[PDB]
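In structure tokens, one chain follows: the form deposited in one PDB entry.
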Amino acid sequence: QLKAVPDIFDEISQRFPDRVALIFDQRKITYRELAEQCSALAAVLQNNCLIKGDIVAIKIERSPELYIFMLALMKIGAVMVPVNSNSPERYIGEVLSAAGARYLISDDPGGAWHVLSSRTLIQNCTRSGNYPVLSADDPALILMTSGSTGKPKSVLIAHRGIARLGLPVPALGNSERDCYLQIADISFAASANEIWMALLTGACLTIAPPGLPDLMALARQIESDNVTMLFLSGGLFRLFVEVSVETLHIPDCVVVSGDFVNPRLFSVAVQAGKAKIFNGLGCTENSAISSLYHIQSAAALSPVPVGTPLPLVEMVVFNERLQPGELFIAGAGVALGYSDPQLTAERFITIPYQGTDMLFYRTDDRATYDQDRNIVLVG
């Protein structure tokens, strides 16, 4: 029984009020501090005619204020459309249109939407009442994803899709003790692993500087703020293995997700220190990270497996007759669907699995299983 994100963050900030929530450069913000500003901004947002269900795009460079907006937007039940800060003004319009945004809140287009100054909203903060009744199935965010061919499709993600990240993952052993690094762009689903596994568990989220990755700054930041849970794309992981693999063993866990990573790169990383290196699978339509496989030995490693699902995630490889290859995902992370309701039927299908009908997302990832109970993608 998952509650909506603000309900979870509320009781998280009430439990651990004095723990550090956000770090930027050297500025620190505690959970009680963050909760007060979130409620103050949410009241400001309501003054600006924003109501529950409004489609609100966010374009704010990495900063403490960015994640206050995220919390405030979902506290007032808005549907956030995070936009990449280096996106060209033309692709901004395509994203706003495909999501049907009524607002764009930005720190720096032309369509049926209002542009709101993020700096002015922060300046207007004076908690105020009247907050919506939010369910786990209420929409929480829209993310754009491209397929093997088509144009960018909008994916409607429910509160449960990221609220599940409040539950500790057994393969990670994470808790409020941990520290996460925010480096993945907010327009990507992978960013949800870093933002919400932190804020919804009482852990710390150190924010990387805005812009393209600065591995020197990322190196000192990973150590200075003692990052324990490091999520990485395949490119950031491979580059670190090549130029500074020692950095990958300051944390306790390193999760590589996004695409096939050469098994030799995992071998160098695992043999380099005490950090548990993971291969992870995620997709936009399942809201965030979905499975994990722990690389155990330098010679234990044939595409590396993606492992076993996260809490409340169901992952099954079905045959060609929609029965048990091809990967299907069910559970709390499944998206509400696409903007196109007809393509929604094409790739979100109800399938009987162990007695009960279950809604599965059709991933289009050819796959098969391991002997030791492990999912393995194979293009």
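Residue numbers here begin at 1 and follow the sequence given. By rigid core we mean the largest C-alpha set that fits within 1.5 Å across both forms.
Across the other entries compared, at least a third leave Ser302 without coordinates even though the residues on each side are present. According to the record, 1 to 3 deposited residues between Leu301 and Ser302 are left without atomic coordinates. Coordinates are absent for 1 to 3 residues of the deposited sequence placed between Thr126 and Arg127. In this entry, 313-321 shows the higher mean Cα temperature factor of the pair 328-336 and 313-321. The stretch with the higher mean CA B factor, choosing between 36-44 and 350-358, is 350-358. Across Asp214, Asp138, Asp108, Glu194, the entry's maximum B-factor at the CA atom is seen for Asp108.
Per the deposited record, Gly150 carries the highest C-alpha B-factor of all listed residues (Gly234, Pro210, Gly150, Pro82). When all modelled residues of the chain are sorted by CA temperature factor, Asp252 is found within the middle third. The entry lists a Cα temperature factor for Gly161 that places it in the lowest third of the chain's modelled residues. The deposited CA B-factor of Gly280 belongs to the lowest third of values across its chain. Among all modelled residues in this chain, the alpha-carbon of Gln296 has a temperature factor (C-alpha) in the highest third. In this PDB entry, the Cα temperature factor of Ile51 sits in the middle third of its chain's modelled residues.
The next section is about a form of this same protein that is not shown, the form deposited in another entry.
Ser146: CA moves less than 2 Å between this form and the one not shown after rigid-core fitting.
Once the rigid core is used as the reference frame, the Cα position of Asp25 differs between this form and the one not shown by less than 2 Å.
When the rigid core is held fixed, the Cα atom of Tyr369 travels 2 angstroms or more between this form and the one not shown.
With a change of no less than 3 Å, the CA-CA distance between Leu96 and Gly150 is smaller in the other form than in the form shown. One change in the other form concerns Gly235 and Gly150, whose Cα atoms lie at least 3 Å closer than in this form.
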